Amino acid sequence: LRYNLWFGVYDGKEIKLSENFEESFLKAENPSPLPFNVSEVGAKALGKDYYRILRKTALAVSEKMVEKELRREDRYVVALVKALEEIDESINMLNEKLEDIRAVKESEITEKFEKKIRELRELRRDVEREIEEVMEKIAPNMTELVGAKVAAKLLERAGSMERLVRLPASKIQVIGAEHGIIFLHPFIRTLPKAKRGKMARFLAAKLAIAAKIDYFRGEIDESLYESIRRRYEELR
């Protein structure tokens, strides 16, 4: 009997959010038509200001979106993830080419190679640190659940923030490393095999939410990770 309305959680009662309607606004998750008028149930909670407050809220999140899309920081991250894998691709086909030379002669140039590979395997660990720095700022609620590494790939595979924020939870537990990348998360990986799929579904569901809250709020919400760890224990 849990309903997620923009001001709080109704069942017959009402529990508002601590000066955070903006959060539940982004969290008003309900998978089936409501049997009541959120408006009414809300009139019986907030004064007449109902609308004024419902407005000030819908305005705050709208601005944050336009605020981020002005900074386009999420783009910087996609380009970043797309460069990573690339920088990584070479690291390999350049080890494939060196062990090629090295299988023949161990010249004083195969050495300059090694150092250059290394210097390159450095830039990789350099770009990987970068996606972490941003992802923790532009997308905490997500990095939190799956971790910078993964969180950032979804975003690149999604294309952009707004492009991801509209992805179903089902496309999320799949869009993965083209058993999506979310499948490699500990909570999923350490289950049986058949019931782990029921973890992805929940993780994906709540992840899509994290994604929205990141993009419109910018601030973390441990209610997220909370639900996940809990639902995880439940799996026994």
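Each residue number is its position in the shown sequence, starting from 1.
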Please classify the unmodelled stretch of the deposited sequence between residue 178 and residue 179: none, 1 to 3, 4 to 9, or 10 or more residues. 10 or more
Between 104 to 112 and 83 to 91, which has the higher average C-alpha B-factor in the PDB entry? 104 to 112
Residue stretch of maximal mean CA temperature factor, 28 to 36 vs 66 to 74: 66 to 74
From 209, 53, 182, 59, pick the one with the largest CA B-factor in the entry? 182
Going by the entry, which third of its chain does the Cα temperature factor of residue 191 land in? highest
Taking the entry's C-alpha B-factors for this chain, is residue 167 in the lowest, middle or highest third? middle
Taking the values exactly as deposited, rank residue 200 by C-alpha B-factor within its chain and report the matching third: lowest, middle or highest. highest
Ranked by Cα temperature factor within the chain, is residue 220 in the lowest third, the middle third or the highest third? middle
Ranked by Cα temperature factor within the chain, is residue 23 in the lowest third, the middle third or the highest third? middle
